[PDB]
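Trainee: Show me how the following folds:
(2 chains, ligands or ions: 1)
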Amino acid sequence: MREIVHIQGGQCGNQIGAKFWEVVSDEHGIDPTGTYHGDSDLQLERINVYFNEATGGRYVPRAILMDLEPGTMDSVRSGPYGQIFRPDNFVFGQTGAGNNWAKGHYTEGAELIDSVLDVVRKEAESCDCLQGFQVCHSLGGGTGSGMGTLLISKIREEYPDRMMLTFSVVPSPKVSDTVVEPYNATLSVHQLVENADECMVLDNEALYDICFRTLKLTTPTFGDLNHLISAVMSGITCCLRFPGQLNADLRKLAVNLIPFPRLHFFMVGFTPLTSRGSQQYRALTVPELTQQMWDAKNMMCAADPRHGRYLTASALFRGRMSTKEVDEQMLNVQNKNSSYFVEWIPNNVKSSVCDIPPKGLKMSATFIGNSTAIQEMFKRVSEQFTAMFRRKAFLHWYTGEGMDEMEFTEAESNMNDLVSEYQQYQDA
Amino acid sequence: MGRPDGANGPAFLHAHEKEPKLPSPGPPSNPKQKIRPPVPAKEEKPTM
Ligand SMILES: Nc1nc2c(ncn2[C@@H]2O[C@H](COP(=O)(O)OP(=O)(O)O)[C@@H](O)[C@H]2O)c(=O)[nH]1
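Mentor: Numbers count the residues shown, from 1 in each chain, chains lettered A, B, ... in the order given. Below is the structure:
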């Protein structure tokens, strides 16, 4: 019951999907062999949200790995937890994507799509009562942005009732891995507005600060950031997988969050995060968590919520704790700092809790908040786009794939009406 | 095979018997048809 199915589109999607399944597999105590070697019966209770039984008591993930450039699907096949996926759920292409949204969305996408949809339905029927899909994108490249949204605009017509997430990694304002990056963003945003119910936005920058300020890490590797992303993705479905004195399915978390079908760009933050030095000075209490999560540092997206105004928010706690303390705390926030919250929403938080913490901790928490400072992101990408698009820089690459120029203006204006919805709704 | 005997006799050499002649500066036959389109004219301004 409440079955999910997990997509992993692109190099990033195929590299952070490694970490996500290395977190869950540990949480349900299954060896890299796949066999279950946990302790309690609480693991085997709701394992079917993410896995499928196989002979001899072995659970394989219901994941879907799509990516061009098979040079990554040897890495996942050689990683420690790589021998658990089905060999069928590996849809690759011997051709590269070239960091080009067009060919990822027009030519090379278009032949892989059906070869992926043949897979997704082979595990959209394996479900008893499907909860919904979830994806891990990277809005810079061509595989995650071209084939990513193209896969979505197909999932939406065959399963519109269900609920699809988006853990989209967005481009960075100061860090620029590639040069064409603005184009692959806007043309992809124009797809998320119409075919996504929820979409958290993550940037490598806030991922770098939290890795340098809070975690005080000396060498933040990419395998370390994804330990943060994989920490929050597992933090959503704690209610789906474990009992809790106030459980919250994934659907009831969306309705309490997006007032209108378009403002589905969220902002996340995990707690607690502490160096191996301050583990000596810290106390494991609830006021410690709620102070750290409401901070403007855990915001894994590099937007400052003190510039906007929270429409709604959330909190998903884990660990046997007092259900009043978590309510009076969130009650104080709206009352002390009562300017960063809208007026036409009287109570704009939701609070859940689960009896089962992470494997190695005793208490944790997790944050989601739909702010209006998120428009600062869509402003930044809309300055660099209209800068180089004005002179048709790097345009012959996109139009060679059959694209045209209106495909840019539409995608641009569709960001302008969007960046004002967040503004008119933000009455200071 | 050579020439018959007595036919390799020396001949008279005029002035400028062996002198190349510039045909003319003239438009060539084929411009070879460039494949790549030109650079835009810095004033298209398609963004709106
Ligand atoms: N958190 C995280 N981000 C990554 C990782 N690898 C790539 N990214 C980002 O992914 C962006 C480009 O997308 P990429 O997945 O590498 O190529 P694509 O397959 O064409 O989408 C770049 O901006 C990278 O910084 C990773 O391992 N972890």
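
Trainee: Tell me the secondary structure at the residue in chain A positioned nearest to chain B.
Mentor: Closest residue of chain A to chain B, CB to the nearest CB: residue A:390 (4.5 Å). From N, CA and C alone the C-beta is placed, and that goes for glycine too. Assigned with DSSP: H, G, I helix; E, B strand; the rest coil, residue A:390 falls in the helix class.

Trainee: I'd like the distance between the closest residue to it other than its chain neighbours and residue A:59.
Mentor: Leaving aside its sequence neighbours, residue A:390 sits nearest to residue B:47 (CB to CB, 6 or more residues apart in numbering or on different chains; 4.5 Å). Distance of residue B:47 to residue A:59, given as CB to CB, to the nearest Å: 52 Å.

Trainee: circling back to that earlier point, I'd guessed the residue nearest to residue A:390 sits against residue A:391; true?
Mentor: No: taking contacts as CB atoms under 8 Å, residue B:47 lies outside contact range of residue A:391: 9.0 Å.

Trainee: quick one, strands of chain A?
Mentor: A:3-9, A:51-54, A:58-61, A:63-68, A:90-93, A:130-134, A:167-169, A:199-202, A:265-266, A:268-271, A:312-318, A:352-354, A:365-370 (DSSP state E).

Trainee: Count the residues that sit near residue B:9.
Mentor: 5 (other CB atoms under 10 Å in any protein chain shown).

Trainee: on that earlier part again, between residue B:47 and residue A:59, which is the more surrounded one?
Mentor: Neighbour count, other CB under 10 Å: between residue B:47 and residue A:59, residue A:59 has more, with 21 against 16.

Trainee: just to revisit the earlier point, now for the residue of chain A closest to chain B: which residues touch it?
Mentor: Residues counted as contacts of residue A:390 (CB atoms under 8 Å, 6 or more residues apart in numbering or on different chains) are B:45, B:46, B:47.

Trainee: Ok, residue A:175 next?
Mentor: So residue A:175 contacts A:204, A:205, A:208 (CB under 8 Å, 6+ apart).

Trainee: One more pass at 10 Å, please.
Mentor: For residue A:175, the contact set (CB atoms under 10 Å, 6 or more residues apart in numbering or on different chains) comprises A:181, A:203, A:204, A:205, A:208, A:302.

Trainee: Can you tell me which of those is closest to the ligand?
Mentor: residue A:204 (5.7 Å; CB to the nearest ligand atom).

Trainee: Would you list the phi and psi of the closest residue to chain A within chain B?
Mentor: As assessed by CB to the nearest CB, chain A sits closest to residue B:47 within chain B, at 4.5 Å. The phi and psi values for residue B:47, taken as degrees, to the nearest 10, are phi -70, psi 140.

Trainee: wouldn't it be in contact with residue A:416 here?
Mentor: No: checked against CB atoms under 10 Å, the pair residue B:47 and residue A:416 is beyond contact range at 11.5 Å.

Trainee: distance of the closest residue to residue A:241 other than its chain neighbours from residue A:239?
Mentor: Leaving aside its chain neighbours, residue A:241 sits nearest to residue A:46 (4.4 Å; criterion: CB to CB, 6+ apart). From residue A:46 across to residue A:239, the span is 10 Å (CB to CB).

Trainee: Residue A:14 now?
Mentor: 27 Å.

Trainee: neighbour count winner among these two?
Mentor: Between residue A:14 and residue A:239, counted using other CB under 10 Å, the more crowded position is residue A:14 (25 against 21).

Trainee: Same list (the contacts of residue A:175) but as CSV, adding distance to the ligand.
Mentor: CSV is the format used below for the contacts of residue A:175 (distance: CB to the nearest ligand atom, whole Å):
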residue, distance to the ligand
A:181, 7
A:203, 9
A:204, 6
A:205, 11
A:208, 10
A:302, 13
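
Trainee: can you tell me which of these are in helices?
Mentor: Among the contacts of residue A:175, DSSP state H puts A:181, A:204, A:205, A:208 in helices.

Trainee: tell me, how many neighbours does the third one end up with?
Mentor: By the other CB under 10 Å criterion, the neighbourhood of residue A:205 contains 16 residues.

Trainee: Tell me how many other residues crowd the closest residue to it other than its chain neighbours.
Mentor: Beyond its immediate neighbours in the sequence, the residue positioned closest to residue A:205 (CB to CB, 6+ apart) is residue A:302, lying 4.3 Å away. Counted by other CB under 10 Å, the residues lying close to residue A:302 total 22.

Trainee: Next one: the residue positioned nearest the centre of chain B from residue B:38, what distance?
Mentor: Centroid-nearest residue in chain B, with CA atoms, centre = their mean: residue B:28, separated by 7.9 Å. Going from residue B:28 to residue B:38 by CB to CB gives 21 Å.

Trainee: the helices in chain B, which residues?
Mentor: Under DSSP H, chain B gives no helices.

Trainee: Contact residues of it facing chain A?
Mentor: Within chain B, the positions lying close to chain A (CB under 10 Å from any CB of the partner chain) are B:36, B:37, B:39, B:40, B:42, B:43, B:44, B:45, B:46, B:47, B:48.

Trainee: Right, I'll leave it there.
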